[PDB]
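Student: Sharing run19.cif (mmCIF, C-alpha atoms) below.
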data_protein
#
loop_
_atom_site.label_atom_id
_atom_site.label_comp_id
_atom_site.auth_asym_id
_atom_site.auth_seq_id
_atom_site.Cartn_x
_atom_site.Cartn_y
_atom_site.Cartn_z
CA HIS A 1 3.94 -21.88 8.99
CA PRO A 2 4.96 -20.41 5.61
CA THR A 3 4.73 -23.74 3.78
CA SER A 4 1.00 -23.58 4.50
CA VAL A 5 0.94 -20.05 3.08
CA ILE A 6 2.83 -21.06 -0.07
CA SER A 7 0.37 -23.85 -0.82
CA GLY A 8 -2.44 -21.35 -0.33
CA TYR A 9 -0.94 -18.99 -2.90
CA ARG A 10 -0.50 -21.69 -5.55
CA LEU A 11 -4.12 -22.81 -5.25
CA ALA A 12 -5.30 -19.22 -5.64
CA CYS A 13 -3.20 -18.67 -8.76
CA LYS A 14 -4.40 -21.90 -10.39
CA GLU A 15 -8.06 -21.17 -9.65
CA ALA A 16 -7.78 -17.54 -10.78
CA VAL A 17 -6.45 -18.49 -14.22
CA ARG A 18 -9.23 -21.07 -14.56
CA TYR A 19 -11.79 -18.40 -13.67
CA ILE A 20 -10.31 -15.83 -16.06
CA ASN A 21 -11.50 -18.07 -18.92
CA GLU A 22 -15.03 -16.86 -18.15
CA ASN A 23 -14.38 -13.13 -18.70
CA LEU A 24 -13.24 -13.85 -22.26
CA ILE A 25 -14.16 -11.60 -25.18
CA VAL A 26 -13.78 -13.18 -28.62
CA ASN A 27 -11.86 -11.04 -31.12
CA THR A 28 -13.84 -12.20 -34.16
CA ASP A 29 -17.08 -11.44 -32.34
CA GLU A 30 -15.92 -7.83 -32.19
CA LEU A 31 -15.15 -5.87 -35.34
CA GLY A 32 -11.73 -6.83 -36.66
CA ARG A 33 -10.44 -3.29 -37.09
CA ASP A 34 -12.21 -1.81 -34.06
CA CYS A 35 -10.79 -4.35 -31.60
CA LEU A 36 -7.24 -3.92 -32.90
CA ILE A 37 -7.49 -0.12 -32.94
CA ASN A 38 -8.94 0.12 -29.43
CA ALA A 39 -6.39 -2.34 -28.05
CA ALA A 40 -3.57 -0.27 -29.56
CA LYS A 41 -5.12 2.94 -28.20
CA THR A 42 -5.49 1.51 -24.69
CA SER A 43 -1.89 0.32 -24.58
CA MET A 44 -0.74 3.68 -25.95
CA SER A 45 -2.34 5.71 -23.16
CA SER A 46 -0.18 6.91 -20.25
CA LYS A 47 2.59 7.72 -22.77
CA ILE A 48 4.02 10.71 -24.61
CA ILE A 49 1.65 9.99 -27.52
CA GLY A 50 -1.54 9.52 -25.51
CA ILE A 51 -4.00 11.92 -27.16
CA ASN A 52 -2.34 11.24 -30.53
CA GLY A 53 -3.75 7.71 -30.42
CA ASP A 54 -6.07 7.85 -33.43
CA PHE A 55 -3.24 9.04 -35.68
CA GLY B 1 -13.20 0.59 -25.78
CA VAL B 2 -10.67 -0.40 -23.12
CA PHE B 3 -9.06 -3.73 -23.94
CA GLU B 4 -5.99 -5.74 -22.95
CA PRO B 5 -4.75 -9.08 -24.27
CA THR B 6 -5.48 -12.00 -21.98
CA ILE B 7 -1.87 -13.19 -22.17
CA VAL B 8 -0.90 -10.12 -20.14
CA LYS B 9 -3.12 -10.81 -17.12
CA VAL B 10 -2.56 -14.58 -17.39
CA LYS B 11 1.23 -14.41 -17.51
CA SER B 12 1.54 -11.63 -14.93
CA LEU B 13 -0.29 -13.69 -12.30
CA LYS B 14 1.93 -16.73 -12.84
CA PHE B 15 5.22 -14.82 -12.82
CA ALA B 16 4.32 -12.76 -9.74
CA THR B 17 3.37 -15.82 -7.68
CA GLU B 18 6.61 -17.65 -8.46
CA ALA B 19 8.74 -14.66 -7.44
CA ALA B 20 6.75 -14.28 -4.22
CA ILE B 21 7.19 -17.94 -3.28
CA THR B 22 10.96 -18.09 -3.73
CA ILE B 23 11.59 -15.05 -1.54
CA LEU B 24 9.14 -16.36 1.07
CA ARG B 25 11.23 -19.52 1.57
CA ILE B 26 14.24 -17.76 3.15
CA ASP B 27 14.75 -17.57 6.90
CA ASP B 28 18.45 -16.70 7.20
CA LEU B 29 21.31 -15.20 5.22
CA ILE B 30 25.10 -15.50 5.14
CA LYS B 31 27.29 -12.83 3.54
CA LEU B 32 31.00 -13.39 2.96
CA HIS B 33 33.49 -10.55 3.13
CA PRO B 34 35.30 -9.44 -0.05
CA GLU B 35 38.77 -10.89 -0.55
CA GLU C 1 31.18 -13.82 17.50
CA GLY C 2 31.82 -17.21 19.08
CA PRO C 3 30.95 -20.40 17.22
CA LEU C 4 30.76 -20.64 13.42
CA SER C 5 33.88 -18.73 12.48
CA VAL C 6 33.00 -17.97 8.85
CA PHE C 7 34.44 -14.47 8.38
CA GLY C 8 31.08 -12.96 7.50
CA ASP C 9 27.81 -11.61 8.84
CA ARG C 10 24.77 -13.85 9.35
CA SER C 11 21.20 -12.96 10.29
CA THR C 12 18.37 -15.23 11.41
CA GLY C 13 14.72 -15.15 12.37
CA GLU C 14 12.51 -12.08 12.05
CA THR C 15 15.59 -9.98 11.28
CA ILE C 16 15.96 -11.19 7.69
CA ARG C 17 12.27 -11.58 6.86
CA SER C 18 11.43 -7.97 7.69
CA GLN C 19 14.57 -6.71 5.95
CA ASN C 20 13.69 -8.62 2.78
CA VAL C 21 10.18 -7.14 2.69
CA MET C 22 11.40 -3.55 2.94
CA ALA C 23 13.94 -4.13 0.16
CA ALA C 24 11.17 -5.49 -2.06
CA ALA C 25 8.74 -2.76 -1.00
CA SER C 26 11.09 0.09 -1.88
CA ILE C 27 11.34 -1.06 -5.51
CA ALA C 28 7.57 -0.77 -5.96
CA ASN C 29 7.50 2.75 -4.51
CA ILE C 30 9.90 4.02 -7.18
CA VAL C 31 7.59 3.05 -10.04
CA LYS C 32 4.22 3.42 -8.30
CA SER C 33 3.95 6.94 -9.72
CA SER C 34 4.11 5.71 -13.34
CA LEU C 35 0.89 3.68 -13.61
CA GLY C 36 -2.34 4.65 -15.33
CA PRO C 37 -3.39 7.33 -17.81
CA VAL C 38 -2.73 9.95 -15.11
CA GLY C 39 0.84 8.73 -14.67
CA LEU C 40 3.95 10.84 -15.13
CA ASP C 41 7.55 10.36 -16.27
CA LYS C 42 11.06 10.36 -14.81
CA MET C 43 14.60 11.39 -15.63
CA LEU C 44 17.63 9.21 -14.99
CA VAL C 45 20.85 11.22 -15.02
CA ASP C 46 24.08 9.25 -14.86
CA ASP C 47 27.44 10.59 -13.72
CA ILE C 48 28.47 11.79 -17.20
CA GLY C 49 25.30 13.84 -17.58
CA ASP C 50 23.49 11.78 -20.22
CA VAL C 51 19.76 12.36 -19.75
CA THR C 52 16.98 9.84 -20.29
CA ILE C 53 13.22 10.37 -20.00
CA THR C 54 10.90 7.36 -19.79
CA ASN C 55 8.08 5.84 -17.77
CA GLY D 1 43.70 -44.98 41.71
CA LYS D 2 46.39 -43.59 44.01
CA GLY D 3 48.72 -42.05 41.42
CA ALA D 4 49.14 -41.50 37.66
CA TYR D 5 48.86 -37.72 37.86
CA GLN D 6 48.06 -36.05 34.54
CA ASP D 7 50.23 -32.93 34.39
CA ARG D 8 49.24 -31.87 30.85
CA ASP D 9 45.86 -30.21 30.29
CA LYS D 10 46.27 -29.32 26.61
CA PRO D 11 44.79 -32.63 25.32
CA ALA D 12 41.77 -32.13 27.59
CA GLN D 13 41.23 -28.61 26.26
CA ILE D 14 41.63 -29.34 22.54
CA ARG D 15 39.08 -32.14 22.74
CA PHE D 16 36.53 -29.84 24.39
CA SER D 17 37.22 -27.19 21.75
CA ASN D 18 36.54 -29.76 19.03
CA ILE D 19 33.29 -30.80 20.74
CA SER D 20 32.06 -27.21 20.82
CA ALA D 21 33.08 -26.37 17.25
CA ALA D 22 31.66 -29.55 15.71
CA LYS D 23 28.40 -29.17 17.65
CA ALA D 24 28.02 -25.60 16.40
CA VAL D 25 27.85 -26.70 12.75
CA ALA D 26 25.10 -29.23 13.48
CA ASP D 27 23.05 -26.52 15.18
CA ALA D 28 23.56 -24.26 12.15
CA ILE D 29 21.88 -26.54 9.60
CA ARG D 30 19.39 -28.12 12.01
CA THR D 31 16.64 -25.87 10.63
CA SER D 32 16.93 -27.01 6.99
CA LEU D 33 15.91 -30.56 7.98
CA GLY D 34 12.41 -31.89 7.39
CA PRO D 35 9.40 -31.41 5.13
CA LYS D 36 8.79 -28.05 6.84
CA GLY D 37 12.36 -26.79 6.92
CA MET D 38 13.43 -23.66 5.09
CA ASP D 39 16.24 -22.58 2.79
CA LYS D 40 19.29 -20.32 3.05
CA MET D 41 20.80 -17.51 0.99
CA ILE D 42 24.58 -17.52 0.50
CA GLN D 43 26.22 -14.39 -0.90
CA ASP D 44 29.79 -14.98 -2.05
CA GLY D 45 32.53 -12.39 -2.03
CA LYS D 46 32.31 -12.19 -5.82
CA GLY D 47 28.60 -11.37 -5.63
CA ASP D 48 27.00 -14.67 -6.54
CA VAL D 49 23.69 -15.52 -4.87
CA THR D 50 22.43 -19.05 -4.22
CA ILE D 51 19.19 -20.16 -2.58
CA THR D 52 19.31 -23.78 -1.50
CA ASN D 53 18.08 -26.44 0.90
CA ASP D 54 20.69 -29.08 0.01
CA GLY D 55 22.87 -29.79 3.04
CA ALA D 56 26.05 -30.46 1.10
CA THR D 57 25.66 -27.22 -0.84
CA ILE D 58 25.26 -25.09 2.30
#
Could you write out this structure as structure tokens?
Tutor:
Amino acid sequence: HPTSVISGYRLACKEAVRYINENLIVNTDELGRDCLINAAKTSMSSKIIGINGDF
Amino acid sequence: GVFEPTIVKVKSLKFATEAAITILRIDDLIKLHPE
Amino acid sequence: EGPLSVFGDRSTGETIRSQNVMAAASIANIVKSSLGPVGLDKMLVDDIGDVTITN
Amino acid sequence: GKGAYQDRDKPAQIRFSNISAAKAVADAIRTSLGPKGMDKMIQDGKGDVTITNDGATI
């Protein structure tokens, strides 16, 4: 019965978000510039300016 | 050096589940002809 | 039809659940080839010939 | 008893047509009843889409 399935999905979503607060990386623990630069580079890949990331 | 903000994974999981639930709760459809 | 004169088409049971899944599935298949650093791009040409390139 | 012949059948037919038509509506929304009932999608002629379980809205 789908109402059983729906309740199963909601429990999975709620537990997953609670678990994802264990894979956390603190920004200030990393270098301030390095973490921002790498995050920008990663979100810039798969685009027209991929290899031009550092610039 | 591969990083993503947490608010991307966190919000994507919540939004996807809600859209999956609402579609899952439909068993029949009624379409009315144009006037 | 017989009963329920509504002037429209109605579907029930497995007919509408399978049809809904295919309609949702087809949307994913359009953009499945635009994910990841090895992804590619697309054009979207309207009727008046205006071109647009994006992933 | 012995007489009172009913020569008009139209009243007997219209009543049975009303029984069938009214019963059909009750069988239509019978599914949406209960803690484990489901919803419906109504697509208007304009294009509006509603997803509902309310019985008055359907």
Student: Provide the atom CA of residue 18 of chain B to atom CA of residue 39 of chain C distance in Å, to one decimal place.
Tutor: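 Going from atom CA of residue 18 of chain B over to atom CA of residue 39 of chain C, I get 27.7 Å.
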Student: Quick one: residues within 8 Å of segment 45-50 of chain A, all atoms listed in the file counted, chain neighbours fewer than 5 positions away excluded, as number ranges by chain?
Tutor: C: 35-40, 55
Student: Check the smallest atom-to-atom distance from each of D:26, D:12, D:51, D:4 to chain B using all atoms listed in the file, then report the winner.
Tutor: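 Between D:26, D:12, D:51, D:4, the residue approaching chain B most closely is D:51.
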Student: Would you work out the distance separating atom CA of residue 24 of chain B from atom CA of residue 2 of chain A, expressed in Å to one decimal?
Tutor: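 These atoms are spaced 7.4 Å apart.
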Student: On this file, the PyMOL selection byres ((chain B) within 10 of (chain C)) gives some set of residues; write that set as number ranges by chain.
Tutor: B: 23-34
Student: Would you mind listing what lies within 8 Å of segment 28-32 of chain D as a list in words, with all atoms listed in the file counted and same-chain residues fewer than 5 positions away left out?
Tutor: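 In the requested form, the answer reads residues 37, 38, 39, 53 and 55 of chain D.
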Student: Could you take the residues named above and write them with C-alpha atoms, as a compact mmCIF listing (two decimals), in the coordinates of the input?
Tutor:
# COMPACT_ATOMS: atom_id res chain seq x y z
CA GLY D 37 12.36 -26.79 6.92
CA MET D 38 13.43 -23.66 5.09
CA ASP D 39 16.24 -22.58 2.79
CA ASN D 53 18.08 -26.44 0.90
CA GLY D 55 22.87 -29.79 3.04
Student: Skip segment 13-18 of chain A itself and residues of its chain fewer than 4 positions away, then list as a ChimeraX atom specification all residues within 9 Å of it, counting all atoms listed in the file.
Tutor: /A:8-9,22 /B:9-10,13-14,17
Student: Evaluating the PyMOL selection byres ((chain B) within 6 of (chain A)) on the displayed file yields which residues, as a ChimeraX atom specification?
Tutor: /B:1-3
Student: Translate the PyMOL selection byres ((chain D) within 7 of (chain C)), as applied to the file shown, into an explicit residue set as a tab-separated table (two decimals) with C-alpha atoms, in the frame of the given file.
Tutor:
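Writing the result to part.tsv gives the following:
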chain	number	residue	atom	x	y	z
D	21	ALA	CA	33.08	-26.37	17.25
D	24	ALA	CA	28.02	-25.60	16.40
D	25	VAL	CA	27.85	-26.70	12.75
Student: Could you check how far atom CA of residue 8 of chain B sits from atom CA of residue 27 of chain A, in Å to one decimal?
Tutor: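 Computing the Euclidean distance for atom CA of residue 8 of chain B and atom CA of residue 27 of chain A yields 15.5 Å.
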Student: Please determine, counting all atoms listed in the file, which residue among D:8, D:43, D:57, D:34 has the shortest atom-to-atom distance to chain A.
Tutor: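 Counting all atoms listed in the file, the residue closest to chain A is D:34.
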Student: As JSON, please: the centre and edge lengths in Å, to one decimal, of an axis-aligned box enclosing every listed atom of segment 9-25 of chain D with 4 Å added on each side.
Tutor:
{"center_x": 37.1, "center_y": -29.1, "center_z": 21.5, "size_x": 26.4, "size_y": 15.0, "size_z": 25.5}
Student: Between B:21, B:35, B:5, B:11, which is the closest to chain D once you count all atoms listed in the file?
Tutor: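 Closest residue, counting all atoms listed in the file: B:35.
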